[PDB]
Amino acid sequence: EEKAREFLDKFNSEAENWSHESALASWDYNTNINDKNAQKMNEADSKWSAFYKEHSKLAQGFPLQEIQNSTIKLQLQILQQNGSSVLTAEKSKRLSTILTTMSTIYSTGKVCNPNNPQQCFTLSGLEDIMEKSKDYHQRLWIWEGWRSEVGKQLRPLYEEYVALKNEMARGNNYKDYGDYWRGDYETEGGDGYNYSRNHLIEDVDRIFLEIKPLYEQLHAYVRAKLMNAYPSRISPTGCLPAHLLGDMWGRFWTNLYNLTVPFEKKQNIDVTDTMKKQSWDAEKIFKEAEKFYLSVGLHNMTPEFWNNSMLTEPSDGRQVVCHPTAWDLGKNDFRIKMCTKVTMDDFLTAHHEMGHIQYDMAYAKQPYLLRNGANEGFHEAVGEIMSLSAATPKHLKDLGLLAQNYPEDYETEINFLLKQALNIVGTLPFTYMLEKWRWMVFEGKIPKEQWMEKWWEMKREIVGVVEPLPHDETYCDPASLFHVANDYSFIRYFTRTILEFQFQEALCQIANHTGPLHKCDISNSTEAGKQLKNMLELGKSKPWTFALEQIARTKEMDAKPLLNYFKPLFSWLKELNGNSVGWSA
Amino acid sequence: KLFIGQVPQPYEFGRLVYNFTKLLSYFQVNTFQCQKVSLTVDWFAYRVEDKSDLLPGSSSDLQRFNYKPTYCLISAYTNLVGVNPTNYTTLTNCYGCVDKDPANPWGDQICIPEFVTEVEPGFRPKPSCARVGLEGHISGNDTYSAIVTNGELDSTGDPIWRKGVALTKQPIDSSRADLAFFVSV
Ligand SMILES: *[C@@H]1O[C@H](CO)[C@@H](O[C@@H]2O[C@H](CO)[C@@H](O[C@@H]3O[C@H](CO)[C@@H](O)[C@H](O)[C@@H]3O)[C@H](O)[C@H]2NC(C)=O)[C@H](O)[C@H]1NC(C)=O
Ligand SMILES: *[C@@H]1O[C@H](CO)[C@@H](O[C@@H]2O[C@H](CO)[C@@H](O[C@@H]3O[C@H](CO)[C@@H](O)[C@H](O)[C@@H]3O)[C@H](O)[C@H]2NC(C)=O)[C@H](O)[C@H]1NC(C)=O
Ligand SMILES: *[C@@H]1O[C@H](CO)[C@@H](O[C@@H]2O[C@H](CO)[C@@H](O)[C@H](O)[C@H]2NC(C)=O)[C@H](O)[C@H]1NC(C)=O
Ligand SMILES: *[C@@H]1O[C@H](CO)[C@@H](O[C@@H]2O[C@H](CO)[C@@H](O)[C@H](O)[C@H]2NC(C)=O)[C@H](O)[C@H]1NC(C)=O
Ligand SMILES: *[C@@H]1O[C@H](CO)[C@@H](O[C@@H]2O[C@H](CO)[C@@H](O)[C@H](O)[C@H]2NC(C)=O)[C@H](O)[C@H]1NC(C)=O
Ligand SMILES: *[C@@H]1O[C@H](CO)[C@@H](O[C@@H]2O[C@H](CO)[C@@H](O)[C@H](O)[C@H]2NC(C)=O)[C@H](O)[C@H]1NC(C)=O
Ligand SMILES: *[C@@H]1O[C@H](CO)[C@@H](O)[C@H](O)[C@H]1NC(C)=O
Ligand SMILES: *[C@@H]1O[C@H](CO)[C@@H](O)[C@H](O)[C@H]1NC(C)=O
Ligand SMILES: *[C@@H]1O[C@H](CO)[C@@H](O)[C@H](O)[C@H]1NC(C)=O
Ligand SMILES: *[C@@H]1O[C@H](CO)[C@@H](O)[C@H](O)[C@H]1NC(C)=O
Ligand SMILES: [Zn+2]
């Protein structure tokens, strides 16, 4: 152990040094996109990778069987895992080529109008249409078009991809690549703080069943609404048409809100006009976000944060990517990159991204390799709960953004919950179903000959969505989604959503919140903040179930907090729908 | 003056804005407790047997839907002969409702138990909630439920509907009134 301890100590010191240089070069690129910064980024990343691999190989000299300290054992497990290298040179190179190819096919995909070949849109255009248009035919040829133009090109690549990733996983002592992806949750330890990979399946399956009753109410409701929007297209007891779900994949139903809004006459809360009247700007927005976190006993934003961060879109001719991201560069250097406008959407986003910085700061004291979230879904879960709080009527009133005498309209709260349900609940069946499908594909439960047969069978049974047109096995609809084509784990969105409400509810209980969870504001709750920090400061140095207990007082994922959040919507939907809840397949 | 005429129920508590010994010559106090101690008095009918619901920090329907003190409590009984209450009516619940059909603001309602309408300390129950209590006190159903609106409008100008539950209890001693008095400086 002592030799491994010295090894990791040396590694961690140098790793922060090299990682910092890598992060700096990447930052400079993203806030100033040109050839000079791109070159610095590529060189700094290369130096980092060479460093990491050098020590990864050296780490093989420290058997885990000789280690008693959990901190050392854990860091060695991270540096030691081979990952891709367990593969031979030919398969490693081939896999890289395939992954690059799938990404390229997706990003350069376009679909042309079959009745007007001269009218053709790129993915960005197609998304804009699928997220806006109310025309049955326009949405249909785009939905089918995307599957034909992109899905059919990725099909054969996804098949080879699955085979190669499974071999990679086996070379690392996993059953398959699905098992590899379920690795991030797995933890070891005494008492009830251990978590086998197989347990993740049991938890997500158990949770879905607990969520389902809520979703059936939302589904039947949306069905009833779309039946009027698209007359004679939808069966009263059947599944929803896949192309009429608000976007290209049916991932978020948010854009259906205009069609499914419970009480159209009632507007939601939007303080954009107030922020503009009061002359808010990017700096003020982030300063208010800081005040929020400080009120619960968390840390200051560093002088370096305010100086280095890019909170506004440059007017100096510099080209940037405005997509909001939080950065941790190491050496106590924290930054946010976000082209903030004076809107409610960016107001809430500023809170979201600063939440990520607060988490990154919390475990800054930890060993480099352990400087991450307890799991993949912990970072976004922390961000989202801060947004939920920031968006409440109560918080907005206290900030002077929402009129103090603004009435408590129950119709508005139903519209709010409905909109939130379309985004948060509607996506859960999708995420669950998608991962269930992929895991079964990697595991070998769903054979190539039944990939689409089971994809759509599962869509009807789990999500309640039906394919507008029948598909054979030359299709690969899952691959037409960004996260699938680009080899990302999608379960993080399922677990994040569940954890999001466990954290919010637990913090709301500590804060002594009474009434509906969707109106909970954890501002000025230093007790909840302390309980939160107790979890945040751990990074991934402890079993994530240990980290979970520190905040939610449980060692397992729990659906109840979500059901509680949307409980007022559930009751409304239930009485509105009566006995037409649910669907046939 | 507060002993002249009838006595209001918890959901419609009266408010009015001295010699304590003389007060004790009108009523017999069973519980006298003070918190952190022009004067304002909030008063309503309430049973002695369930007097525990008058004490701060207790979890009860009285302090949730009818009246929650903002921070001395005098729980006492007296014969007003004013007049004595026939019975005691307390809201056990109240929650927001929305219209089933958006095309008709006055039509069939869907009520949501989770949209709990809290009394809010120092505030009367919202008029939709108070109306339920007022009806329950006269309906004679031992527990009275109703979906009502009472002159309060939303951000558009449509009626605000609420559903409440008003539970009526019979006294053991029908010859006296049991009253709760909340006196603040
Ligand atoms: C978190 O706690 C802070 C205090 O540490 C709260 O800020 C304060 O908000 C109250 C109102 O809720 C302010 O008092 C009021 O000011 C207005 C004038 O704007 C006056 O008309 C009222 O009669 C009353 O005096 C108070 O001044 C203000 N404090 C500061 C330093 O701004 C904050 O709202 C809380 N956020 C919460 C509970 O969510
Ligand atoms: C609690 O005490 C109140 C009195 O303070 C009781 O209200 C009285 O209830 C009776 C019986 O329902 C009412 O008489 C009936 O009136 C209707 C007309 O609305 C008539 O059709 C019936 O034939 C009968 O005469 C009486 O009018 C009503 N008092 C008042 C002022 O309206 C209440 O019922 C008691 N609650 C319980 C649970 O005992
Ligand atoms: C849902 O309705 C809102 C309006 O209530 C739409 O937002 C407007 O869209 C038009 C057309 O692009 C803009 O000119 C307005 O400025 C937008 N208003 C606001 C407040 O942003 C929204 O696009 C509709 N959504 C869908 C899917 O149709
Ligand atoms: C990562 O790769 C190394 C090889 O570079 C693996 O180390 C071997 O492990 C086996 C036991 O399974 C030993 O018999 C070999 O002698 C080891 N070789 C070397 C060079 O150390 C290591 O086990 C792999 N990591 C994992 C988790 O499988
Ligand atoms: C934590 O580890 C314990 C074992 O120490 C696991 O309990 C076993 O679970 C398997 C599978 O259900 C059973 O067949 C064994 O009989 C159980 N053993 C004991 C002693 O109970 C436990 O499930 C693990 N916890 C998690 C979340 O994976
Ligand atoms: C949240 O509410 C609980 C009561 O429901 C509070 O707990 C009591 O707090 C007082 C001190 O304020 C103690 O004397 C009691 O013994 C506590 N009761 C129990 C059962 O714990 C709790 O302090 C409140 N939390 C906050 C942050 O206000
Ligand atoms: C593991 O090593 C760290 C030093 O990196 C030390 O602080 C910790 O107490 C050790 N834990 C055990 C169980 O020895
Ligand atoms: C945050 O910054 C403010 C302003 O300088 C300071 O008063 C406060 O103590 C700081 N809080 C923490 C936890 O550092
Ligand atoms: C921000 O940092 C740069 C670093 O070169 C410095 O030149 C600039 O003056 C700083 N701006 C401040 C401190 O407001
Ligand atoms: C009156 O009581 C009966 C019997 O419990 C009940 O069925 C009815 O709904 C009640 N009516 C009201 C207004 O509470
Ligand atoms: Zn995020």
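Conventions and cut-offs
Residues numbered from 1 in each chain as written, not as in the entry; some residues may be left out. Chains lettered and ligands numbered in written order. Heavy atoms only, no water. Residues with missing side-chain atoms left out of burial classes, pairs and counts. Helix = DSSP H or I, 4+ residues; strand = E, 2+ residues; numbered from the N terminus. Rg over C-alpha atoms; globule rule 2.2 N^0.38 Å. Contact = heavy atoms within 4.5 Å. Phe/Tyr/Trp six-rings, centres within 6.5 Å; stacked < 30°, edge-to-face > 60°. Domains from an automatic or database assignment. Nonpolar A, V, L, I, M, F, W, Y, C, P; charged D, E, K, R; others polar. Salt bridge = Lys/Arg side-chain N within 4 Å of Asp/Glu carboxyl O. Pairing = 2+ DSSP bridges. Axes fitted to C-alpha atoms, helices over the stretch in contact; angles between N-to-C directions.

By the method listed in its record, cryo-EM, this PDB entry was determined to a resolution of 3.31 Å.

Is there a simple way to explain the overall build of chain A in this structure?
The secondary structure content of chain A amounts to 24 helices and 6 strands. At 24 Å, chain A has a C-alpha radius of gyration in line with the 25 Å of a compact globule built from 585 residues. Considering only C-alpha atoms, chain A reaches an extent of 70 × 60 × 55 Å along its principal axes. Partitioning the intrachain contacts of chain A with sequence separation of at least 6 by distance along the chain shows that 75% fall at a separation of at least 24.

How should I be thinking about the packing of aromatic side chains in this particular structure?
Centre distance and the angle of the planes are the two values used to describe a pair of aromatic rings. Residues and elements named next belong to chain A. Seen from their ring centres, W143 and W456 are 6.0 Å apart, and the 55° between their planes marks the pair as tilted. In this pair, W143 sits in helix 6 (residues 136-170) while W456 sits in helix 18 (residues 451-463), placing the two residues 313 residues apart along the sequence. Geometrically, the ring pair formed by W437 and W455 is edge-to-face, given 5.3 Å between the ring centres and 80° between the ring planes. Of the two residues, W437 sits in helix 17 (residues 427-443) while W455 sits in helix 18, which places them 18 residues apart along the sequence.

Looking at this structure, how should I read the domain arrangement of chain A?
How big an interface is tends to be stated in terms of accessible area lost as the parts join. Residue and element names in this part refer to chain A. When cut into domains, chain A gives domain 1 (2-81), domain 2 (175-266 + 409-585) and domain 3 (269-388). When each unit is reduced to the centre of its C-alpha atoms, the spacing between domain 2 and domain 3 is 25 Å. In this assembly, 33 residues from domain 2 lie in contact with 24 residues from domain 3. A per-element tally of the side of domain 2 that touches domain 3 places helix 20 (residues 491-510) first, with 10 residues. For the side of domain 2 that touches domain 3, a count of residues per class yields 15 nonpolar, 11 polar and 7 charged.

Which parts of the structure should I look at to understand the pattern of salt bridges?
Oppositely charged side chains are able to pair whenever their charged atoms sit close together. The partner of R206(A) in a salt bridge is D203(A), and the shortest N-O contact between them spans 3.0 Å. With a gap of 3 residues between them, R206(A) and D203(A) both fall in helix 8 (residues 197-229), about one helical turn apart. Between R162(B) and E152(B) there is a salt bridge, with the nearest N and O atoms lying 2.7 Å from each other. Placement of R162(B) in strand 8 (residues 161-169) and of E152(B) in the loop between strand 7 (143-148) and strand 8 is noted, with a sequence separation of 10 residues between them. Sharing partners across several salt bridges, the network here consists of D179(A), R182(A) and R197(A).

Would you mind showing me how to read the sheet that holds strand 9 (residues 177-184) of chain B here?
Note: strands within a sheet are paired through backbone hydrogen bonds, in either parallel or antiparallel orientation. Residues and elements named next belong to chain B. As summarised here, the arrangement of the 5 strands in space is 1-3-9-4-2, forming an open sheet in which the pairing is antiparallel. What marks the edges here is a single partner per strand, and that holds for strand 1 (14-16) and strand 2 (28-33). Across the sheet, the axes of successive neighbouring strands diverge by a mean angle of 20°, strand direction being ignored. Bridge count between strand 2 and strand 4 (residues 73-78): 5 bridges; the pairing is antiparallel.

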